[PDB]
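Here is the structure we will look at.
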Amino acid sequence: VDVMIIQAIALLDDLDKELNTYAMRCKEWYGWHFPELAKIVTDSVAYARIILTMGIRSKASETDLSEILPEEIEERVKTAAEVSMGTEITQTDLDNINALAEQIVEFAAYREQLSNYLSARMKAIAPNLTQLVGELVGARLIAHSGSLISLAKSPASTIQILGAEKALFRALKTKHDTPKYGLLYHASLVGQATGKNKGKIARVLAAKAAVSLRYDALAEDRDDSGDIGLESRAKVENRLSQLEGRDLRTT
Amino acid sequence: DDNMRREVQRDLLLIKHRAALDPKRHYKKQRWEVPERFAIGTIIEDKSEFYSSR
Amino acid sequence: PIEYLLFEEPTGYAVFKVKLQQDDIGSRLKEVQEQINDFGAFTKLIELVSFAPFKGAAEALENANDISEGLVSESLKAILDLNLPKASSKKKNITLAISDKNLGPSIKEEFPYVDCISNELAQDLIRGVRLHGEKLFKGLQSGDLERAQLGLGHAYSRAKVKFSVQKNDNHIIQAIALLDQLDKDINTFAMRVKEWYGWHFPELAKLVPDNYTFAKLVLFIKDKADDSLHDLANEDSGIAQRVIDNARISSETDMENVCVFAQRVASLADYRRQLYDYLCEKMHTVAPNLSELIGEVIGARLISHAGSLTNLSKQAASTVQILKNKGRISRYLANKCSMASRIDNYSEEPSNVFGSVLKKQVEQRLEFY
Amino acid sequence: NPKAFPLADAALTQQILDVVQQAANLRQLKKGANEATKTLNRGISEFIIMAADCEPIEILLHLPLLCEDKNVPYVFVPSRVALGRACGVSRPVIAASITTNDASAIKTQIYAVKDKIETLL
Amino acid sequence: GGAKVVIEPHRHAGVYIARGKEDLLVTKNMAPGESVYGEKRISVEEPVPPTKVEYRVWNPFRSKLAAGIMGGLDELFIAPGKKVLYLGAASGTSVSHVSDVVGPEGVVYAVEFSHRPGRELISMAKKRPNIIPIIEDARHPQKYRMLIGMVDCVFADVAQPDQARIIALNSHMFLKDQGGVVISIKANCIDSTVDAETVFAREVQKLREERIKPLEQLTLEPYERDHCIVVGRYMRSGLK
Amino acid sequence: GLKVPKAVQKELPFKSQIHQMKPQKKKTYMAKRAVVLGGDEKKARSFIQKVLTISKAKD
RNA sequence: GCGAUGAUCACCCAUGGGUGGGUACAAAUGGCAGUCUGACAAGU
RNA sequence: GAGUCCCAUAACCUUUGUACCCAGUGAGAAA
């Protein structure tokens, strides 16, 4: 059953949104004490982990760190710790800064373990789609079309354009050119392609993904081992090879 | 791009022909061809004062 | 003769030695006035002999205040005693060019063999070395001079104004603006927890409707159990054990996952009400009169919607949005609350007594009706 | 420096209170703290008089920041009771404002008091 | 109030015009998401997705420099990479607009002497990092000669009768050669015994006596009665 | 309008040739293909036309 | 035993019933709403 | 062959249900 694949991918979108709105207020709350940090390191969890590590600017002058902020932003944060337009905070609000920082660190821990759960349920529900287009891409395909069987009984052209409905139907209701990527643009194979042949292998990837997807939804002696998805992926990979080998130049 | 100029191409005509939208407004005489770089933006009236410009 | 030059700057002190005098009589002419703009000719006038850098931003702020109010500090004494020759005090003093005519007396009070010049010749020598800056110093300072200037300007200004970060209302702005965010986050996350546990039995969200209490009790119940003694935090607990006996809904990996989700909801639920206690405390130390009058969370939302304690203070009393007789107690509480916020903002370290008096006044007014 | 800093002495105080009484007769005076801050943010004000002895003092110290923002003279009279009595109302006032008017029969007097309190300030 | 405008670059670099049915002088917002003195804002969505950047309406009845811009000044020296020394930064009203006209790569030194305006200046300069607030008297530039170096334009919104001496001292310390000197002269605050043209002529004569060549003056009349902006450049050698 | 005769205008110089294009009698494919939008779009078209002719007649 | 530290302020019936609504939100398979093409292409 | 990364992961409306309502003013109020 996959009634919770839709739930997990909606939680994933919602939760990345709440991570961003927590990181912004952590950055501008701790920015009173040390303002250059949010502009010299931009990662939310690296920011939270570093203020959990040091706390204060003189504390940064006496401490060091290498498990966070790799090997080249250290001199920048030390120079900005030595000279800064930032004030000095107290302990009673450094405690809430630290509580927010451990809060969003645990938030990202929950994010990556929810992604582990999504990968597990996806490769136990429709594993050939995972072997072809990937876990979260196939997950939002299934979550877009509702049911796995309702996605399986759709043609491969629909699976190609599946995300781009407003562009599709405006380009049909006036006589314009339809999109070619849809939700399948973020597959790794289409990432490997470059030019007009990412439209070409969006087409061949949607064809093989329709094959693997309706195998997964309609099989009964299925083995959850990735065999049909893997042979389909080998077909798409050597096709991508043979149309990246050609070149429109003349040699 | 022309793809966005073909979406905001009508209210740029309204701003070009401002002078004949209200019979009491009577702007100062400029020409105002379409500028090369522009941006279409929406006014944020804030959450401080109500009911007047709202 | 303008023999030496003293340039103060945020990184430290610099003593320059004047090589060639500029013209005194032709000092207003065009070529003399733009030779201090050309660097290739200014380096014919000025040579750096010493630069004592500061020990940090603390000594930088100390020397910025001493230079500001016209006193010779100890680092000044050190560098001048190192660099200036032991001239006489009665015949041909050594001539130091400063930019501050009331720092000069403090220099002669410490070194009587030094006469100090700050007239237009020393002024444009000084502004020549200000105009060129980092090029004269030949690479010998740590720290970019404009970055130290930003730090020293902010430090000097906060010192001069006595900027306290305890009575800093941006903390309570961001605290309540984050608390509303996590109100809706704990709400939607525990709604999804109740949804995912709704097919384990759909009566726990009927008996126990509060989000935190539901989440903490379902973090340890994962089964039937019986042994209903430590589930009272017992009429609702007895009804819940009866419903677990009469279980009427339907894993392991999914159930472990929704346990992690409810643990996330519990972590959000006790980071909230840590934040709430923090902002009640911060509101008592930042706005005690407002919090005595209408309460800590209400005063927090009041100064948030106003934007600052200063904006709520300087707002008119008839334009305060607080949250018949019922219609005009709002106006009475509004203008008393505006009064209390003015007291609380512009007093420097406030008491609670005027919030108490205004609370007494508004309770007298509501009890009169 | 106290909080209610630019206080007037007795001669300037009586000059201020006489022109306050005449403006109150000529409907050119807006009296009270929130009416004063209303007319101050509206910009129709020539100078504001705060009384330096009301029961809190920050209650009207909110107004010097507004006057500084909009470059309006502000002066501290040392009696709220005499200020209300000059205003012509039966209560003490703590702040009052002289609104701008050019069909005003006391414009020279208001300008002279403005010059005196601005050289004070 | 919820309407839609078109943003268009002005002649002056760093400032814009929002055309609707009433057009607005507008600057980019350096601290997006909040207003400083209650002005209205415009949020454009410029095109990783597009980002919502926003703009602030410059009110000419609450800014002498905006009154000068939209009365028509041939050359402001406040420009998008510059350093401006604002004298008489009476609150953060016009300093915010000068700050985000000057941009992230330029610096505004906001000099103010009173202390509650200084507190609001520091709390505004937190969210606008390109503002160095200097709480000091501008009549003694040596008291803050250590914090500022080599500005490109001075703006003077002081309202004191020793204005030209303050402008001359701060220019001789911190302005560079052929830099900008923008002055907002208020006739009634200089002196009210003479008329406005007499006091403007005397102030311009004082500027050229302190060798600041005036290029341009503007009365800025529909927004302020008996005001002026005098735009000059610091010639330092040869006003002739 | 000025109706220049055909006997004159066939014997004109190359620069003075009169470009007079004939009307179309055949329902061509691009005209029978091309789509026009309706409702809100046709009242937008009507509005823009009214605004532009009021502006031109005022000028 | 007051107050400028602020008084005050869309249709019918002989307190109460009958006549329009809107905003600010929750559903919502009435909706908008309808899931591109189809046999060649690359090379020697 | 072919306009999505520019929010179909979105925007907006109508049959039904949930809570109000048709700020300024500036010397009066009470008997």
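Naming scheme: A, B, ... for chains in displayed order of the structure tokens; residues 1 onward per chain; ligands 1 onward as shown.
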At most 12 Å to chain D: residues in chain H, only C-alpha atoms (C1' of nucleotides), as JSON, numbers by chain: {"H": [24, 25, 26, 27, 28]}
Neighbour list for segment 278-282 of chain C as an MDAnalysis selection string, cut-off 8 Å, only C-alpha atoms (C1' of nucleotides), skip fewer than 3 positions in-chain: (chainID A and resid 93 96) or (chainID C and resid 171:172 175:176 274:275 285:287 296:297 300)
Segment 83-87 of chain D environment, 6 Å, only C-alpha atoms (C1' of nucleotides), sequence neighbours closer than 3 positions dropped, as a count of residues only: 7
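Counting from atom CA of residue 123 of chain A, the distance to atom CA of residue 262 of chain C is 24.4 Å.
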Proximal residues of chain F relative to chain A (only C-alpha atoms; 10 Å) as a PyMOL selection string: chain F and resi 33-37
Limited to N, CA, C and O atoms, could you put the picked residues into a file as a PDB file, in the first residue's frame?
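Written file, out_16.pdb:
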ATOM      1  N   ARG F  33      -7.167  29.281 -39.453  1.00  0.00           N
ATOM      2  CA  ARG F  33      -6.521  28.580 -38.359  1.00  0.00           C
ATOM      3  C   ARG F  33      -6.489  29.419 -37.096  1.00  0.00           C
ATOM      4  O   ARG F  33      -6.816  28.923 -36.013  1.00  0.00           O
ATOM      5  N   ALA F  34      -6.112  30.694 -37.235  1.00  0.00           N
ATOM      6  CA  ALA F  34      -5.674  31.518 -36.114  1.00  0.00           C
ATOM      7  C   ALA F  34      -6.779  31.726 -35.097  1.00  0.00           C
ATOM      8  O   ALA F  34      -7.918  32.033 -35.452  1.00  0.00           O
ATOM      9  N   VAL F  35      -6.441  31.534 -33.836  1.00  0.00           N
ATOM     10  CA  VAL F  35      -7.421  31.509 -32.761  1.00  0.00           C
ATOM     11  C   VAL F  35      -7.532  32.898 -32.150  1.00  0.00           C
ATOM     12  O   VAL F  35      -6.550  33.647 -32.074  1.00  0.00           O
ATOM     13  N   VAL F  36      -8.755  33.284 -31.797  1.00  0.00           N
ATOM     14  CA  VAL F  36      -9.003  34.471 -30.996  1.00  0.00           C
ATOM     15  C   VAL F  36      -9.653  34.023 -29.697  1.00  0.00           C
ATOM     16  O   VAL F  36     -10.389  33.031 -29.663  1.00  0.00           O
ATOM     17  N   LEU F  37      -9.308  34.700 -28.617  1.00  0.00           N
ATOM     18  CA  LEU F  37      -9.820  34.343 -27.310  1.00  0.00           C
ATOM     19  C   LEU F  37     -11.053  35.175 -27.005  1.00  0.00           C
ATOM     20  O   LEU F  37     -11.276  36.228 -27.599  1.00  0.00           O
TER      21      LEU F  37
END
9 Å contact set for residue 9 of chain D, only C-alpha atoms (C1' of nucleotides), chain neighbours under 3 positions out, as a list in words: residues 12, 13, 14, 77 and 78 of chain D
Create the file for the chosen residues now, containing N, CA, C and O atoms and written as a tab-separated table (two decimals), in the first residue's frame.
chain	number	residue	atom	x	y	z
D	12	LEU	N	10.94	83.66	30.44
D	12	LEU	CA	10.57	82.92	29.24
D	12	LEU	C	9.32	82.10	29.47
D	12	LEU	O	8.49	81.97	28.56
D	13	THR	N	9.14	81.57	30.68
D	13	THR	CA	7.95	80.80	31.02
D	13	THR	C	6.71	81.67	30.95
D	13	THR	O	5.68	81.24	30.42
D	14	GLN	N	6.79	82.90	31.44
D	14	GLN	CA	5.61	83.75	31.37
D	14	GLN	C	5.35	84.27	29.96
D	14	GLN	O	4.18	84.41	29.59
D	77	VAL	N	8.03	73.91	30.35
D	77	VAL	CA	7.50	74.81	31.36
D	77	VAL	C	7.44	74.04	32.68
D	77	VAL	O	7.08	72.86	32.69
D	78	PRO	N	7.84	74.65	33.79
D	78	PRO	CA	7.88	73.91	35.06
D	78	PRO	C	6.57	73.86	35.83
D	78	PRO	O	6.63	73.62	37.04
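All residues of protein, DNA or RNA that reach within 8 Å of segment 33-42 of chain E, judged by only C-alpha atoms (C1' of nucleotides) and not counting those fewer than 6 positions away in the chain, are residues 41, 42, 43, 44, 45, 46 and 48 of chain B; 54, 55, 56, 57, 58, 59, 92, 93, 96 and 124 of chain E.
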Just to be explicit: take each residue in the selection above, keep C-alpha atoms, and write the result as a compact mmCIF listing (two decimals), in the first residue's frame.
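Done, and the output landed in out-v3.txt:
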# COMPACT_ATOMS: atom_id res chain seq x y z
CA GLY B 41 5.64 45.17 -8.76
CA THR B 42 2.79 45.13 -6.27
CA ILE B 43 2.34 47.67 -3.49
CA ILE B 44 2.56 46.26 0.03
CA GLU B 45 0.40 48.35 2.26
CA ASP B 46 1.59 47.14 5.64
CA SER B 48 -0.05 49.25 10.60
CA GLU E 54 11.32 44.94 -2.58
CA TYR E 55 11.38 48.68 -2.81
CA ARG E 56 10.50 51.59 -0.57
CA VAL E 57 8.57 54.76 -1.40
CA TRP E 58 10.62 57.89 -0.75
CA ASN E 59 8.32 60.55 0.68
CA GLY E 92 16.71 57.02 10.28
CA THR E 93 14.23 58.68 7.94
CA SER E 96 17.81 54.70 5.23
CA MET E 124 18.40 50.67 12.17
Expected answer as an MDAnalysis selection string: chain G residues within 12 Å of chain C, only C-alpha atoms (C1' of nucleotides): chainID G and resid 5:6 8:9
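For the choices A:144, A:222, A:235, A:39, the atom-to-atom distance to chain E is smallest for A:39 when using only C-alpha atoms.
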